[PDB]
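Colleague: one piece of my complex first, more on the way:
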Amino acid sequence: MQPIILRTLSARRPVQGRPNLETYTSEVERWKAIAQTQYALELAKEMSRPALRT
């Protein structure tokens, strides 16, 4: 058995840990706020109706 066969090649990924996601989390919170506004607008439209006219 004399062919050179390579068994354990190192991977592409680096050894470091996961970079933090604070800026991504902030932008996601911005999207959440935008999405909450579009439902809050409808419910607010509901809030401004007259009192006893059912």
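Modeller: Looks like it came in fine. Numbering: from 1, shown residues only, chains lettered A, B, ... in the order given.
Colleague: hey, let's count contacts and neighbours off CA atoms from now on
Modeller: Fine.
Colleague: the spatially most central residue of chain A in helix, strand or coil?
Modeller: Chain A has residue A:28 as the residue nearest its centroid, 4.9 Å off, counting by C-alpha atoms, centre = their mean. Here residue A:28 is helix, with the state taken from DSSP: H, G, I helix; E, B strand; the rest coil.
Colleague: and what of residue A:25?
Modeller: helix.
Colleague: okay, it and residue A:32: tell me how far apart.
Modeller: 10 Å (C-alpha to C-alpha, to the nearest Å).
Colleague: again, but for residue A:51
Modeller: Distance from residue A:51 to residue A:32, by C-alpha to C-alpha: 31 Å.
Colleague: between those two, who's got more neighbours?
Modeller: Taking neighbours as other C-alpha atoms under 10 Å, residue A:51 and residue A:32 compare with residue A:32 leading, 11 against 7.
Colleague: what helix or strand is that one located in?
Modeller: helix A:22-47 (DSSP states H and E).
Colleague: and that helix, how far out from the chain middle?
Modeller: A distance of 14 Å separates the centroid of the chain from that of helix A:22-47, by C-alpha atoms, centre = their mean, to the nearest Å.
Colleague: quick check: buried residues in that helix?
Modeller: Neighbour-count burial for helix A:22-47, counted by 16 or more other C-alpha atoms under 10 Å, picks out no residue.
Colleague: put chain B on too:
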Amino acid sequence: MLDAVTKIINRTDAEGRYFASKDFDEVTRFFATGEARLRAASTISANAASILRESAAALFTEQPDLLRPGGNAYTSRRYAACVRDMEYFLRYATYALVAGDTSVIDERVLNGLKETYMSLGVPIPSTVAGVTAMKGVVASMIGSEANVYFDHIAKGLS
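Modeller: Putting chain B onto the chains we already have gives this:
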């Protein structure tokens, strides 16, 4: 206004007699509870803003139509007058709790309040519901010690 001791004094004076054993017993009973009543009053005073906040929250959660246009609590001015009334009720209930007598509520709170509310169109049952919500908040906070005074305000409106 009167407190408990002055009320007992007036009771013994209407009969033109000196204090007897029962009168001294009643006055002693009032003095014994004074520390607890002062603690309750201080506790209410420390959190008056939060009591008022959650009392108005309870009132307007029960009856949302008051806040809606055409409701008696729809404007900044009328909402403010409503929460100011509730703040009055809490402060004067605290005064009465300290005094041990409800005459402060008669002199300073119910002196034309029911007539005022009937004249202005303020809904009295809704106001009593708000007073009752504040009574429940204060009771959960300090105990039953103040219930009667809030009921007094309710009876002054009902």
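Colleague: thinking again about what came up before, and the helix holding residue A:32, is it in reach of chain B?
Modeller: Yes: for helix A:22-47, a contact with chain B is found by C-alpha under 8 Å from any C-alpha of the partner chain, at residue A:47.
Colleague: what does stretch B:36-45 contact?
Modeller: Stretch B:36-45 has contacts (C-alpha atoms under 8 Å, 6 or more residues apart in numbering or on different chains) with B:51, B:94, B:95, B:97, B:98, B:138, B:142, B:145.
Colleague: in helices only, show me those residues.
Modeller: Among these, the members found in helices (DSSP state H) are B:51, B:94, B:95, B:97, B:98, B:138, B:142.
Colleague: determine which two of these are furthest apart.
Modeller: Farthest apart among the ones in helices among the contacts of stretch B:36-45 by C-alpha to C-alpha are B:51 and B:98. That separation is 17.9 Å.
Colleague: gap between the closest residue in space to residue B:154 that isn't next to it in sequence and residue B:114?
Modeller: Nearest residue to residue B:154 in three dimensions, chain neighbours excluded: residue B:128, at 5.4 Å (C-alpha to C-alpha, 6 or more residues apart in numbering or on different chains). Distance of residue B:128 to residue B:114, computed by C-alpha to C-alpha: 11 Å.
Colleague: cool, thanks, signing off.
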